[PDB]
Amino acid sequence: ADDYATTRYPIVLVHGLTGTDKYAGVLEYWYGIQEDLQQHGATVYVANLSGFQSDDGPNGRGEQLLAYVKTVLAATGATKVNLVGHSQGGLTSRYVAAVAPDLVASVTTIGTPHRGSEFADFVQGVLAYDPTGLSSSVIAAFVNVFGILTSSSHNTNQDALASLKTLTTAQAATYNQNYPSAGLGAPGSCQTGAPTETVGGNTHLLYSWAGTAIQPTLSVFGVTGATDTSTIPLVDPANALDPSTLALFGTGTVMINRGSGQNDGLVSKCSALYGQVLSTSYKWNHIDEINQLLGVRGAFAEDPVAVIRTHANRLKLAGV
């Protein structure tokens, strides 16, 4: 142990889509990340939210995280928390920072779809092929059941259609109207905002980084494709050890062909820009950013545990 990650306020890890604090009470969302930070002096709590929901609304993940933050303050005696959200967890962290800015000292987002996901637009467009709405209805039930069975608490508050609509590029822009932040650039700029914000008399430090392993490719005859820069081509063992490696390459290719640009399989670079952009050069797919699956990543992917460990030290040096 040491003092490398000892922050002034406790760190709250906020999971994103499909997530929980521990899948089926067996698999940690933040694989081995809580243990590493505590091994370097950090006080780390892991939120358990609805894997499928909107962030606003009484049943949304935001109120769940607001209530969970309070239980962390009452257990540590601390006044504020350092919110670190991955994927939709960054959207949930922005909600808590906007409705209770006194309880938050910083907001860090990892691969967060601040402008939505082109793959969410794709999925919603595919479901529209059945005008009866029965395909969407049956698929949502099975997805909601998936969230019930994988939630460490069997959380039955699962809304797959609200979750899908929340991550669309059109609805995420409405979310940025309802919860604007100085860390966001103008809509459609592919530019970040300010490194800090002052909301309700509290100064929040805003951070973000993104994985861009899935890159657009050249093509004569004029239709784009994709390559996975995180992996040794064709033969990288992560293709076999981690099913999400090829799965996120396919979803990312669907995003490229919809005009997303470089992405991590589900969130593009422009949609992930927030506050102080520390890096968008990580050769990571969407769950490489959380050391998944079970730590397996492509031979070109950087260590995400050390990156998160360094940021905890960065929060320690920044005074929070």
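Position 1 is the first residue in the sequence shown; the rest follow in order.
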Mean Cα B-factor comparison, 221 to 229 or 206 to 214, giving the higher one as deposited: 221 to 229
Greater mean Cα temperature factor according to the PDB record, 141 to 149 or 170 to 178: 170 to 178
Residue, from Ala74, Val81, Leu246, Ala160, that the PDB entry assigns the highest Cα B-factor: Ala74
Selection from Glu289, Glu35, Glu28, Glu63 [criterion: highest C-alpha temperature factor in the record]: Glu35
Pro195, C-alpha B-factor rank within chain (lowest, middle or highest third): middle
Ranked against its chain, the third holding the CA B-factor of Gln262: middle
Assigned third (lowest, middle, highest) for the C-alpha B factor of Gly125: middle
For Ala67, the third of its chain into which the C-alpha B factor falls: lowest
Ranked against its chain, the third holding the CA B-factor of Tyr274: lowest
